[PDB]
Every structure is written in structure tokens, then in C-alpha cells.
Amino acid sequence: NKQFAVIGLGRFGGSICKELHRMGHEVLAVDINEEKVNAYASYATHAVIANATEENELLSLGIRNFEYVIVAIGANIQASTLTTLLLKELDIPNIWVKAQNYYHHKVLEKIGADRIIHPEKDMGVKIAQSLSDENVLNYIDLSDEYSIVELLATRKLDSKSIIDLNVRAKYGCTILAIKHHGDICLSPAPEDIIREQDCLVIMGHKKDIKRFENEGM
């Protein structure tokens, strides 16, 4: 009976609701706009036109029965703050709120939001990382110094090997997976071959990976 409410159907909120309902979960789409409700109705377990700033409508949805509530309102700062304050004063266990600027994050922190999300800023940082380094496809920072990076193998790495491309001693990183033509190899053996336009999953220090990219690739 785990329940998720998504207040504020937008790109972020609509994506959250659609992805949660695709997973086989109970989601209630809530938006003050009738058209947004009609849009995301077929992608949720329930869809109600409600003004989340209103305590009466909030109670009428059965908001108390939801373990998780996600306020994806990000453009209207005062509406998002009102919804978050109402949800806290109604004792919702987990409130995840989308922020707009740093002060919105501060005021959502002070009123007790469980998690505050900055989607656009994070994706902008990631896309900038992919912009300066045209090799990287995706990545994940384990810490401020260590990261796992997926990379497009260049012509310089075409038909090379795991011992021919030695990184555990020449650059300090290790190689974790290789994707060729759609088939993936995990924990690759020292004999495995990397080809041009393959996907390489390296892991180590940021500067180590960049050393490998400048010198190796």
C-alpha cells in the first residue's frame, strides 16, 4: 500500500509520475490545470484537478494516506512553499520538492522538506562535462576526486587490448565494462579487445581519467 503523490505536473513532475506508474506503483497526479490532468491521467493510477495551496482540496485527495509526496512546482515559488508547508503540517513522512534557485532551497530547508532537488542545474553541469570532454557519454562521481566514466573509444583505441591499453599501472584507473555492437562485457578479461566507437567504462581519479584521455585516446 506504498503510495506516491505527485503535485505539480510538469516536465520534471510529469516524468516522475509517468516513470513511477510505469514501475507498477500507485501514483496520484495532481495539477491545478485541467489540461495537465487530462494529459497525465492515462499515465497514472489516479488524476485529480486540485489546488495544492488549498488545505481543503489537499485533504479531499486523501493526502494523509501518501507515504511519499513530490511537489514538482518549481516556477511558482510561493505556491511550492505553501504546498510544502501544508504537507509538513499534515505530517507527510517524505516530502521531495523541486527547487528553482538557492533561496528557494533555503526556505524549503527551513520549513522541513525531506529532499530538495535541483534537476536543471545538475543536468546542466553534466551536459557541460560532456561538452568540454567530447569523449564522455555519462558518468557518476563517487567523491569529489573519484568517478566512473563511460567513454566513446576513438580510432586511437581501435583493435586494442586490456594489456595493450594498461591503465591499472600506467594511469591508475581500471576498466570495468566494454559494450560492442550492443553486447556488453563486465569485469573484462585481460585479453578483451576494444574497438572504435565502443563504450568503455573506466573508473578512477578525474585527473587520471583525463590523463588517459589526452594520452591514450
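Numbering starts at 1 and follows the sequence shown.
When the C-alpha B-factors of 192-200 and 8-16 are averaged, 192-200 comes out higher. Per-chain ranking of the deposited C-alpha B factor places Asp133 in the middle third. Among all modelled residues in this chain, the alpha-carbon of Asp114 has a temperature factor (C-alpha) in the middle third. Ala50: CA B factor in the middle third of modelled residues in this chain (values from the PDB entry). Sorting the modelled residues of the chain by their CA temperature factor places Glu89 in the middle third.
The entry lists a Cα temperature factor for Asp141 that places it in the middle third of the chain's modelled residues.
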